[PDB]
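In what follows, a single structure is set out as structure tokens and then discussed.
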14 protein chains.
Amino acid sequence: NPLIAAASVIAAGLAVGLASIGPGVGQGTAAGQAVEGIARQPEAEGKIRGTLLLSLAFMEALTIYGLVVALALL
Amino acid sequence: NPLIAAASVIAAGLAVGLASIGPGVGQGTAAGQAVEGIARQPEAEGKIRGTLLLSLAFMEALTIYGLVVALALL
Amino acid sequence: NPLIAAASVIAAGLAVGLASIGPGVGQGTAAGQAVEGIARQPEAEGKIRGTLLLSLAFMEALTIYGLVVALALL
Amino acid sequence: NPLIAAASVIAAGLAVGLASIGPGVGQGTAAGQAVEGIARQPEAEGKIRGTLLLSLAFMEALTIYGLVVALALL
Amino acid sequence: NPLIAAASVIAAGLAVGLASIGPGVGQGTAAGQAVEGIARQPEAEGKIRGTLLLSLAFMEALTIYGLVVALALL
Amino acid sequence: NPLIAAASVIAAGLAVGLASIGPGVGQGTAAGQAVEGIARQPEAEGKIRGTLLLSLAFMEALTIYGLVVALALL
Amino acid sequence: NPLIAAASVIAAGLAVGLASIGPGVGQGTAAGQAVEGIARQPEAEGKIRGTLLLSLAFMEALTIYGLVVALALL
Amino acid sequence: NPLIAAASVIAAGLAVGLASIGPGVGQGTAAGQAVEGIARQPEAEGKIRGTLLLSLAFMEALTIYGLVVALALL
Amino acid sequence: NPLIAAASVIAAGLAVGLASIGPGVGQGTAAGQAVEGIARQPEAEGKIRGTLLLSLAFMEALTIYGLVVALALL
Amino acid sequence: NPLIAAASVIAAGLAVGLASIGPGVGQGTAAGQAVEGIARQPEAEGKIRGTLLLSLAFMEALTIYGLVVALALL
Amino acid sequence: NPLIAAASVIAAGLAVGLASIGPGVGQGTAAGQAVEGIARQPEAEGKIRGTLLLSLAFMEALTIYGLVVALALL
Amino acid sequence: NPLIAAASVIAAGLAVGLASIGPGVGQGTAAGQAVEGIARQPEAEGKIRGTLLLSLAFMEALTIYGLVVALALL
Amino acid sequence: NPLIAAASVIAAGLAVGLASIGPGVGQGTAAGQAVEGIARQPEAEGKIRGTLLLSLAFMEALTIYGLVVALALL
Amino acid sequence: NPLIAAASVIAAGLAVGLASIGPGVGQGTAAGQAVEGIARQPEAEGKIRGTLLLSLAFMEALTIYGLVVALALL
């Protein structure tokens, strides 16, 4: 019975890796696009990693939130 | 029973390798776009750098958060 | 019986990994576009931020709706 | 027999987890492209938010309709 | 016999989840494109919100259409 | 034997859900882009949307044409 | 024996549900691009649009041509 | 044995109905881009349309070519 | 024995369908792009159509080459 | 026995159908690009259509080359 | 046993057909773009042929490299 | 039993090799776009190459982070 | 036992056929983008070409890495 | 048992040949964007190709690093 449950955890764990790529793929976009605003204006200079990047950073936390559910099975 | 649990753990492993892909994606996207933004205005950076730092962290964060869950099972 | 239930939990876990990639996409997009929008002028994220939540919400809504089904199996 | 039925519900459920990824993408797109349109808009804007709900709704509608099927499999 | 039937319903149920992926994408696309169109012209503008519903509908439609077949199995 | 045949019809049904993915994409696109075109200038009224329906129809048509063959198997 | 042969036909039907995706694709493309062209030019509407019928047709044509193949076994 | 062979031909048939979807998306894109080019000038119609048929044909062609293989099994 | 060989030829056949997808795209591409080029003006034609056949041919060529191998299995 | 051998040939055919997808993408690209280049300058052709064949050839070539290995099994 | 091993070689052979399609992609890109670049004529005269081969080669190289693996089994 | 578990960890390992290919593509994007951005702009713009490493690194980082988890099972 | 070991080698081979995809697509990108750069400035530029060897290498590197495992089975 | 383990190692090797796919993509991108940047400035020379190598190397590096893991299973 533990054999089956164990495979369940072991997979549950894998499939947090599948999530992880949708991942930061989004995270890159923000950052890039945010650095761009800064160059145009001094107020602009830095703002998107700033603050738009931050949402991407939050997404990474969510992905960890995944890595959470992954071990939470174990 | 161990044979099953083992495969579980085997899979749980493979799929933390997928996470990495997709994560590696978004990251790449930020960087490209930031290299461009930075090219335009040299002085403006600093706010931009801070934003990049915010984006870059959050991403690396949720990536470990997985790797964490990965061993947290074991 | 437990064999079946176990496979259910295992998949349930995995398929919360699918949810994220679609969500992890759109998030980065908003953020990127918002660092930029703001860059040009002061008063940024004003009436605009108003529609930002609107859609930031609708997105998290359907991503939750999944996360819902995910825990609803548990 | 309950084993089979159970798997049926399980699967009927997991297929709210595909819906969201496709839905989560398109939602993110609207938002991104609207953040831009708004940045241009001044006096005109807010008749706009009117169509925004319209579609923001339609989307959340079919995403719930899934989350519904998800818990209904329960 | 119930085992086979149960799988049939379970699958029939899954495949409302697929419907939602594709619909959920497109909805966002309409809305985005409409937020923009309206920004461009004031005189034409707000006539457009009319189109926004049109497409916001079409998207919520196909997502339901899936949820419809989903519960229709139950 | 009916158990097998039933699973056949069940799967056959699911794969009409795939068909809808692809069509469902393009429809949303037309609409979005037409909302914008319609906004910019008035020109002659009720000339453009006219073709939009035309194609919006043809697309939803073939998706039914399937749903038809789906229930026709029943 | 007939149970098997039947499922064959069943499936053969269902994978003509694959067609529908790919077709539904190009169709939406034509339409979108034409809605735009007409917006620029009054002439395309009520004339340019008519050709679109040429295409709106050819598209709905090959969608039956499939539903044809679907029953063309039975 | 004929039961199995039969199912093989039945699937082979209907999975030449999947072929159509990939072709259909490609065919539409041509048509769109032509409805537009034509909108600019009178010459494309009766000239540019010349291509329109070309591809409108090629598209409906490969859809039959399948329906052909479909009934070429029955 | 023919039953098995037949199923082999059947599958071999199907996978000419895959080939056809990719070839069928590229042909459609040449054409689409040429309809556009031509739209630009009437006088030029007769240096260009020349390479168009060249490539239109090469594309159709490799699509047959497959259909050839497809029946060659039979 | 033959069942095996048959499948061998079946596969050998089939995965020479994957080849076509990729191939068909690039061939179409050359051709498009030429139909466009030509649209620009009428006289210039005759330096051009020269490389058009070059690649129109190399494209048909590899498509066949595949169809080659496909029938070469038979 | 030889029946199984033979099918292994058979498939291995096929999947030199998968490779050609992927290569066929990038090769087509070069060619198209060169068709065009030359027409612009900045590198159009004296340069268009030269890189064309370079890439036409690299592409047919990796498609052969497969065909090589294909016969390397025999 | 160990024989089977071993083959599991073996395949699991391999599929971490898949992940890596995607990571390299992403890192390449940043770098390219930076080499270009730097070519065009005012002043030395040395910072640019500095960000290039930044992301070239982050990419190769998560690629090993996988290969790490791969051998970490071992 | 030899049966399994044999299949190992058969697979180990094939998946060095995947390599070919990714390189072939990847090398094509560099070349395409350089064919353009070159078109612009004859005496000027060519910095990219130096870069290409950089990249021409990296590509041939991982493609070799496969070719290695390919001949290593020999 | 060695039979299975052997097959495992054999595949484990191969699927580090998939890696190459993705990688090859990104490498090409770095290079393409740098060939452009360098074209722009003679000032954009002699340091510009310096980074080209830098990345061309890093790319080839990780491609081996795979081919390493490939033979490391051996």
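Residue numbering restarts at 1 for every chain of the structure tokens, chains are lettered A, B, ... in their displayed order, and ligands are numbered from 1 as they appear.
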
Can you tell me, as an NGL selection string, what residues are no more than 9 Å from residue 52 (chain L) when counting only C-alpha atoms, ignoring any on the same chain fewer than 3 positions away? (:B and (31-32 or 35)) or (:L and (27 or 30-32 or 34-35 or 47-49 or 55-57)) or (:N and (51 or 55))

Please, can I see chain A fitted onto chain I by all in-order Cα atoms (least squares), as an mmCIF file with N, CA, C and O atoms, in the first residue's frame?
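What follows is the written file selection00.cif:
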```cif
data_model
loop_
_atom_site.group_PDB
_atom_site.id
_atom_site.type_symbol
_atom_site.label_atom_id
_atom_site.label_comp_id
_atom_site.auth_asym_id
_atom_site.auth_seq_id
_atom_site.Cartn_x
_atom_site.Cartn_y
_atom_site.Cartn_z
ATOM 1 N N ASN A 1 1.400 -13.403 -39.545
ATOM 2 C CA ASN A 1 2.613 -12.584 -39.916
ATOM 3 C C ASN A 1 2.202 -11.454 -40.857
ATOM 4 O O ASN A 1 2.614 -10.292 -40.677
ATOM 5 N N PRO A 2 1.360 -11.784 -41.849
ATOM 6 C CA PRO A 2 0.770 -10.842 -42.787
ATOM 7 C C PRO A 2 -0.099 -9.823 -42.055
ATOM 8 O O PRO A 2 -0.171 -8.653 -42.450
ATOM 9 N N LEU A 3 -0.704 -10.252 -40.965
ATOM 10 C CA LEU A 3 -1.527 -9.346 -40.137
ATOM 11 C C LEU A 3 -0.740 -8.120 -39.649
ATOM 12 O O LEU A 3 -1.176 -6.970 -39.758
ATOM 13 N N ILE A 4 0.449 -8.414 -39.128
ATOM 14 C CA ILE A 4 1.459 -7.414 -38.652
ATOM 15 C C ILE A 4 2.060 -6.519 -39.738
ATOM 16 O O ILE A 4 2.014 -5.298 -39.654
ATOM 17 N N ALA A 5 2.608 -7.153 -40.747
ATOM 18 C CA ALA A 5 3.068 -6.459 -41.949
ATOM 19 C C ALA A 5 1.993 -5.488 -42.498
ATOM 20 O O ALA A 5 2.278 -4.377 -42.964
ATOM 21 N N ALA A 6 0.751 -5.937 -42.435
ATOM 22 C CA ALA A 6 -0.432 -5.177 -42.992
ATOM 23 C C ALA A 6 -0.807 -3.907 -42.214
ATOM 24 O O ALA A 6 -1.098 -2.827 -42.759
ATOM 25 N N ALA A 7 -0.860 -4.099 -40.912
ATOM 26 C CA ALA A 7 -0.912 -2.972 -40.015
ATOM 27 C C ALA A 7 0.250 -1.989 -40.322
ATOM 28 O O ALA A 7 -0.009 -0.807 -40.355
ATOM 29 N N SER A 8 1.486 -2.489 -40.600
ATOM 30 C CA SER A 8 2.782 -1.670 -40.945
ATOM 31 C C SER A 8 2.594 -0.755 -42.145
ATOM 32 O O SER A 8 2.803 0.444 -42.084
ATOM 33 N N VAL A 9 2.131 -1.370 -43.217
ATOM 34 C CA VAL A 9 1.656 -0.643 -44.417
ATOM 35 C C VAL A 9 0.513 0.334 -44.103
ATOM 36 O O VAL A 9 0.551 1.497 -44.500
ATOM 37 N N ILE A 10 -0.474 -0.141 -43.381
ATOM 38 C CA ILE A 10 -1.634 0.650 -43.192
ATOM 39 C C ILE A 10 -1.223 1.960 -42.404
ATOM 40 O O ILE A 10 -1.504 3.111 -42.813
ATOM 41 N N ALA A 11 -0.451 1.807 -41.344
ATOM 42 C CA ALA A 11 0.137 2.957 -40.649
ATOM 43 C C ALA A 11 1.054 3.759 -41.565
ATOM 44 O O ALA A 11 0.819 4.925 -41.695
ATOM 45 N N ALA A 12 2.101 3.148 -42.134
ATOM 46 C CA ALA A 12 3.089 3.837 -43.082
ATOM 47 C C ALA A 12 2.338 4.862 -43.971
ATOM 48 O O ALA A 12 2.848 5.979 -44.258
ATOM 49 N N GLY A 13 1.129 4.432 -44.376
ATOM 50 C CA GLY A 13 0.112 5.192 -45.210
ATOM 51 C C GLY A 13 -0.605 6.396 -44.597
ATOM 52 O O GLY A 13 -0.652 7.514 -45.141
ATOM 53 N N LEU A 14 -1.076 6.162 -43.418
ATOM 54 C CA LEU A 14 -1.489 7.247 -42.582
ATOM 55 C C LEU A 14 -0.456 8.402 -42.516
ATOM 56 O O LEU A 14 -0.736 9.597 -42.772
ATOM 57 N N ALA A 15 0.722 7.996 -42.113
ATOM 58 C CA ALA A 15 1.747 8.925 -41.620
ATOM 59 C C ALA A 15 2.409 9.674 -42.772
ATOM 60 O O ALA A 15 3.258 10.562 -42.614
ATOM 61 N N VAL A 16 1.957 9.334 -43.967
ATOM 62 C CA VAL A 16 2.184 10.234 -45.119
ATOM 63 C C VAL A 16 1.097 11.374 -45.042
ATOM 64 O O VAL A 16 1.299 12.517 -45.472
ATOM 65 N N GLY A 17 -0.006 11.138 -44.365
ATOM 66 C CA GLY A 17 -0.919 12.232 -44.266
ATOM 67 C C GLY A 17 -0.430 13.288 -43.287
ATOM 68 O O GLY A 17 -0.785 14.444 -43.362
ATOM 69 N N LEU A 18 0.377 12.909 -42.336
ATOM 70 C CA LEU A 18 0.871 13.852 -41.346
ATOM 71 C C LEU A 18 1.838 14.832 -41.987
ATOM 72 O O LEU A 18 1.858 16.041 -41.729
ATOM 73 N N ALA A 19 2.601 14.295 -42.904
ATOM 74 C CA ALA A 19 3.562 15.109 -43.691
ATOM 75 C C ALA A 19 2.896 16.215 -44.559
ATOM 76 O O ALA A 19 3.432 17.331 -44.744
ATOM 77 N N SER A 20 1.725 15.878 -45.060
ATOM 78 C CA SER A 20 1.092 16.537 -46.232
ATOM 79 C C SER A 20 0.731 18.034 -46.096
ATOM 80 O O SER A 20 0.703 18.715 -47.159
ATOM 81 N N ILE A 21 0.326 18.398 -44.846
ATOM 82 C CA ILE A 21 0.079 19.729 -44.144
ATOM 83 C C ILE A 21 1.256 20.707 -43.828
ATOM 84 O O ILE A 21 1.249 21.915 -44.240
ATOM 85 N N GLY A 22 2.324 20.150 -43.298
ATOM 86 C CA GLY A 22 3.517 20.907 -43.198
ATOM 87 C C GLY A 22 3.512 21.142 -44.671
ATOM 88 O O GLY A 22 3.788 22.288 -45.106
ATOM 89 N N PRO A 23 3.182 20.087 -45.416
ATOM 90 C CA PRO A 23 2.357 20.210 -46.610
ATOM 91 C C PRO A 23 2.623 21.285 -47.588
ATOM 92 O O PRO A 23 3.706 21.558 -48.098
ATOM 93 N N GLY A 24 1.487 21.889 -47.833
ATOM 94 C CA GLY A 24 1.328 23.148 -48.573
ATOM 95 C C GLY A 24 1.262 24.365 -47.640
ATOM 96 O O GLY A 24 1.072 25.463 -48.121
ATOM 97 N N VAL A 25 1.440 24.205 -46.328
ATOM 98 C CA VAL A 25 1.379 25.375 -45.418
ATOM 99 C C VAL A 25 2.431 26.389 -45.831
ATOM 100 O O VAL A 25 2.165 27.567 -45.880
ATOM 101 N N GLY A 26 3.601 25.857 -46.125
ATOM 102 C CA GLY A 26 4.715 26.558 -46.740
ATOM 103 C C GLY A 26 4.365 27.067 -48.117
ATOM 104 O O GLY A 26 4.785 28.162 -48.519
ATOM 105 N N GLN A 27 3.635 26.266 -48.856
ATOM 106 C CA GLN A 27 3.281 26.607 -50.242
ATOM 107 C C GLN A 27 2.468 27.911 -50.355
ATOM 108 O O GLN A 27 2.732 28.763 -51.246
ATOM 109 N N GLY A 28 1.512 28.060 -49.464
ATOM 110 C CA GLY A 28 0.768 29.275 -49.411
ATOM 111 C C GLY A 28 1.688 30.473 -49.224
ATOM 112 O O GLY A 28 1.476 31.532 -49.836
ATOM 113 N N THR A 29 2.698 30.360 -48.392
ATOM 114 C CA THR A 29 3.449 31.598 -48.041
ATOM 115 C C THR A 29 4.131 32.219 -49.254
ATOM 116 O O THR A 29 4.063 33.398 -49.525
ATOM 117 N N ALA A 30 4.778 31.335 -49.971
ATOM 118 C CA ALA A 30 5.515 31.688 -51.178
ATOM 119 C C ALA A 30 4.589 32.524 -52.054
ATOM 120 O O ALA A 30 4.870 33.637 -52.316
ATOM 121 N N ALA A 31 3.469 31.921 -52.416
ATOM 122 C CA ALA A 31 2.489 32.402 -53.410
ATOM 123 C C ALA A 31 1.979 33.739 -53.094
ATOM 124 O O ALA A 31 1.944 34.667 -53.895
ATOM 125 N N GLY A 32 1.577 33.835 -51.856
ATOM 126 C CA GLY A 32 1.124 35.120 -51.386
ATOM 127 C C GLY A 32 2.208 36.171 -51.627
ATOM 128 O O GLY A 32 1.996 37.196 -52.295
ATOM 129 N N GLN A 33 3.371 35.884 -51.082
ATOM 130 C CA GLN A 33 4.506 36.819 -51.028
ATOM 131 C C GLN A 33 5.030 37.166 -52.419
ATOM 132 O O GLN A 33 5.585 38.243 -52.674
ATOM 133 N N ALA A 34 4.835 36.215 -53.320
ATOM 134 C CA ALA A 34 5.256 36.374 -54.701
ATOM 135 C C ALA A 34 4.261 37.257 -55.466
ATOM 136 O O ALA A 34 4.704 38.150 -56.188
ATOM 137 N N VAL A 35 2.960 37.052 -55.307
ATOM 138 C CA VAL A 35 1.979 37.930 -56.000
ATOM 139 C C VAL A 35 2.270 39.440 -55.670
ATOM 140 O O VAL A 35 2.074 40.332 -56.502
ATOM 141 N N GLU A 36 2.775 39.674 -54.461
ATOM 142 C CA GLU A 36 3.002 41.024 -53.913
ATOM 143 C C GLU A 36 4.055 41.815 -54.715
ATOM 144 O O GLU A 36 3.903 43.018 -54.929
ATOM 145 N N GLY A 37 5.100 41.128 -55.134
ATOM 146 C CA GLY A 37 6.174 41.765 -55.896
ATOM 147 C C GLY A 37 5.658 42.381 -57.184
ATOM 148 O O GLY A 37 6.088 43.474 -57.599
ATOM 149 N N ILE A 38 4.734 41.677 -57.813
ATOM 150 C CA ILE A 38 4.198 42.064 -59.119
ATOM 151 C C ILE A 38 3.510 43.435 -59.104
ATOM 152 O O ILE A 38 3.648 44.222 -60.038
ATOM 153 N N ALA A 39 2.771 43.699 -58.045
ATOM 154 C CA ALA A 39 2.003 44.950 -57.948
ATOM 155 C C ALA A 39 2.922 46.184 -57.972
ATOM 156 O O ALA A 39 2.612 47.182 -58.591
ATOM 157 N N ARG A 40 4.045 46.091 -57.273
ATOM 158 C CA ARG A 40 5.002 47.219 -57.167
ATOM 159 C C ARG A 40 5.583 47.614 -58.532
ATOM 160 O O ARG A 40 5.678 48.792 -58.845
ATOM 161 N N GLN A 41 5.933 46.628 -59.334
ATOM 162 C CA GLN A 41 6.543 46.875 -60.647
ATOM 163 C C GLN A 41 5.947 45.973 -61.723
ATOM 164 O O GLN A 41 5.496 44.867 -61.433
ATOM 165 N N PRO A 42 5.956 46.441 -62.974
ATOM 166 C CA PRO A 42 5.452 45.633 -64.090
ATOM 167 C C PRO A 42 6.260 44.360 -64.277
ATOM 168 O O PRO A 42 5.705 43.291 -64.502
ATOM 169 N N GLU A 43 7.570 44.487 -64.167
ATOM 170 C CA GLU A 43 8.452 43.316 -64.158
ATOM 171 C C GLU A 43 8.121 42.488 -62.918
ATOM 172 O O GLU A 43 8.074 41.265 -62.949
ATOM 173 N N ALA A 44 7.882 43.211 -61.837
ATOM 174 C CA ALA A 44 7.478 42.616 -60.545
ATOM 175 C C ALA A 44 6.124 41.919 -60.682
ATOM 176 O O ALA A 44 5.896 40.863 -60.095
ATOM 177 N N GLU A 45 5.244 42.528 -61.461
ATOM 178 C CA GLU A 45 3.852 42.059 -61.599
ATOM 179 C C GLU A 45 3.852 40.611 -62.088
ATOM 180 O O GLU A 45 4.618 40.245 -62.955
ATOM 181 N N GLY A 46 3.296 39.733 -61.247
ATOM 182 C CA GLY A 46 3.385 38.237 -61.385
ATOM 183 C C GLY A 46 4.498 37.229 -60.942
ATOM 184 O O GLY A 46 4.294 35.980 -60.869
ATOM 185 N N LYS A 47 5.665 37.755 -60.597
ATOM 186 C CA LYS A 47 6.939 36.957 -60.543
ATOM 187 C C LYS A 47 7.102 35.780 -59.477
ATOM 188 O O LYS A 47 7.781 34.739 -59.776
ATOM 189 N N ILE A 48 6.588 36.018 -58.255
ATOM 190 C CA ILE A 48 6.588 35.088 -57.094
ATOM 191 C C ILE A 48 5.704 33.812 -57.130
ATOM 192 O O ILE A 48 6.168 32.704 -56.824
ATOM 193 N N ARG A 49 4.445 33.919 -57.522
ATOM 194 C CA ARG A 49 3.798 32.662 -57.757
ATOM 195 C C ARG A 49 4.880 32.265 -58.729
ATOM 196 O O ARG A 49 5.650 31.298 -58.566
ATOM 197 N N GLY A 50 5.128 33.191 -59.618
ATOM 198 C CA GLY A 50 6.274 32.918 -60.448
ATOM 199 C C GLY A 50 7.384 32.471 -59.489
ATOM 200 O O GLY A 50 7.695 32.915 -58.421
ATOM 201 N N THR A 51 7.939 31.388 -59.836
ATOM 202 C CA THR A 51 9.354 31.198 -59.547
ATOM 203 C C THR A 51 9.733 31.051 -58.064
ATOM 204 O O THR A 51 10.829 30.593 -57.760
ATOM 205 N N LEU A 52 8.840 31.413 -57.160
ATOM 206 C CA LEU A 52 9.130 31.385 -55.715
ATOM 207 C C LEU A 52 8.001 30.524 -55.253
ATOM 208 O O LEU A 52 8.079 29.746 -54.305
ATOM 209 N N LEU A 53 6.907 30.711 -55.967
ATOM 210 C CA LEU A 53 5.742 29.819 -55.899
ATOM 211 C C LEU A 53 6.148 28.422 -56.394
ATOM 212 O O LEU A 53 5.686 27.415 -55.868
ATOM 213 N N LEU A 54 7.004 28.408 -57.417
ATOM 214 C CA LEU A 54 7.465 27.174 -58.054
ATOM 215 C C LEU A 54 8.141 26.229 -57.055
ATOM 216 O O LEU A 54 8.017 25.025 -57.128
ATOM 217 N N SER A 55 8.894 26.793 -56.146
ATOM 218 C CA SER A 55 9.529 25.996 -55.071
ATOM 219 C C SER A 55 8.459 25.349 -54.205
ATOM 220 O O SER A 55 8.597 24.216 -53.812
ATOM 221 N N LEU A 56 7.399 26.087 -53.934
ATOM 222 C CA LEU A 56 6.250 25.585 -53.174
ATOM 223 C C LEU A 56 5.582 24.447 -53.936
ATOM 224 O O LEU A 56 5.133 23.453 -53.345
ATOM 225 N N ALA A 57 5.478 24.615 -55.248
ATOM 226 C CA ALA A 57 4.931 23.601 -56.125
ATOM 227 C C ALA A 57 5.785 22.324 -56.069
ATOM 228 O O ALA A 57 5.270 21.188 -56.054
ATOM 229 N N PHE A 58 7.094 22.525 -56.064
ATOM 230 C CA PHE A 58 8.038 21.414 -55.912
ATOM 231 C C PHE A 58 7.861 20.679 -54.581
ATOM 232 O O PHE A 58 7.935 19.446 -54.522
ATOM 233 N N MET A 59 7.547 21.447 -53.557
ATOM 234 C CA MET A 59 7.296 20.907 -52.205
ATOM 235 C C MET A 59 6.082 19.968 -52.238
ATOM 236 O O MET A 59 6.067 18.932 -51.587
ATOM 237 N N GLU A 60 5.076 20.354 -52.996
ATOM 238 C CA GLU A 60 3.863 19.534 -53.146
ATOM 239 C C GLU A 60 4.210 18.208 -53.812
ATOM 240 O O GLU A 60 3.671 17.168 -53.452
ATOM 241 N N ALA A 61 5.112 18.267 -54.768
ATOM 242 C CA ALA A 61 5.622 17.068 -55.443
ATOM 243 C C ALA A 61 6.327 16.165 -54.443
ATOM 244 O O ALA A 61 6.188 14.949 -54.461
ATOM 245 N N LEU A 62 7.090 16.778 -53.564
ATOM 246 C CA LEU A 62 7.795 16.060 -52.492
ATOM 247 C C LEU A 62 6.786 15.379 -51.563
ATOM 248 O O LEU A 62 6.992 14.263 -51.128
ATOM 249 N N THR A 63 5.705 16.089 -51.284
ATOM 250 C CA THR A 63 4.629 15.566 -50.430
ATOM 251 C C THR A 63 4.009 14.338 -51.113
ATOM 252 O O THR A 63 3.705 13.313 -50.481
ATOM 253 N N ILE A 64 3.815 14.453 -52.413
ATOM 254 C CA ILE A 64 3.359 13.313 -53.221
ATOM 255 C C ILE A 64 4.428 12.219 -53.129
ATOM 256 O O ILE A 64 4.133 11.032 -53.001
ATOM 257 N N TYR A 65 5.677 12.670 -53.195
ATOM 258 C CA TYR A 65 6.851 11.781 -53.005
ATOM 259 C C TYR A 65 6.608 10.970 -51.719
ATOM 260 O O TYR A 65 7.063 9.820 -51.594
ATOM 261 N N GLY A 66 5.903 11.607 -50.783
ATOM 262 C CA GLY A 66 5.459 10.984 -49.511
ATOM 263 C C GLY A 66 4.322 10.014 -49.761
ATOM 264 O O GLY A 66 4.404 8.834 -49.408
ATOM 265 N N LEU A 67 3.277 10.520 -50.360
ATOM 266 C CA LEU A 67 2.160 9.685 -50.704
ATOM 267 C C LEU A 67 2.667 8.415 -51.458
ATOM 268 O O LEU A 67 2.020 7.360 -51.445
ATOM 269 N N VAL A 68 3.800 8.581 -52.150
ATOM 270 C CA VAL A 68 4.616 7.504 -52.862
ATOM 271 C C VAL A 68 5.078 6.441 -51.924
ATOM 272 O O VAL A 68 4.804 5.255 -52.106
ATOM 273 N N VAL A 69 5.828 6.908 -50.940
ATOM 274 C CA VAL A 69 6.366 6.021 -49.881
ATOM 275 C C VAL A 69 5.225 5.324 -49.108
ATOM 276 O O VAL A 69 5.363 4.205 -48.586
ATOM 277 N N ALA A 70 4.098 6.009 -49.088
ATOM 278 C CA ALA A 70 2.891 5.522 -48.395
ATOM 279 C C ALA A 70 2.342 4.261 -49.079
ATOM 280 O O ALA A 70 2.151 3.190 -48.489
ATOM 281 N N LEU A 71 2.118 4.399 -50.365
ATOM 282 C CA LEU A 71 1.575 3.250 -51.099
ATOM 283 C C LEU A 71 2.668 2.180 -51.332
ATOM 284 O O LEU A 71 2.381 0.995 -51.443
ATOM 285 N N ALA A 72 3.917 2.645 -51.412
ATOM 286 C CA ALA A 72 5.125 1.782 -51.667
ATOM 287 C C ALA A 72 5.315 0.695 -50.612
ATOM 288 O O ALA A 72 5.953 -0.326 -50.847
ATOM 289 N N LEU A 73 4.762 0.979 -49.442
ATOM 290 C CA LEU A 73 4.682 0.033 -48.327
ATOM 291 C C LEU A 73 3.630 -1.081 -48.628
ATOM 292 O O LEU A 73 3.840 -2.289 -48.373
ATOM 293 N N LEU A 74 2.529 -0.645 -49.218
ATOM 294 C CA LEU A 74 1.309 -1.495 -49.370
ATOM 295 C C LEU A 74 1.463 -2.915 -50.024
ATOM 296 O O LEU A 74 1.373 -3.971 -49.375
#
```
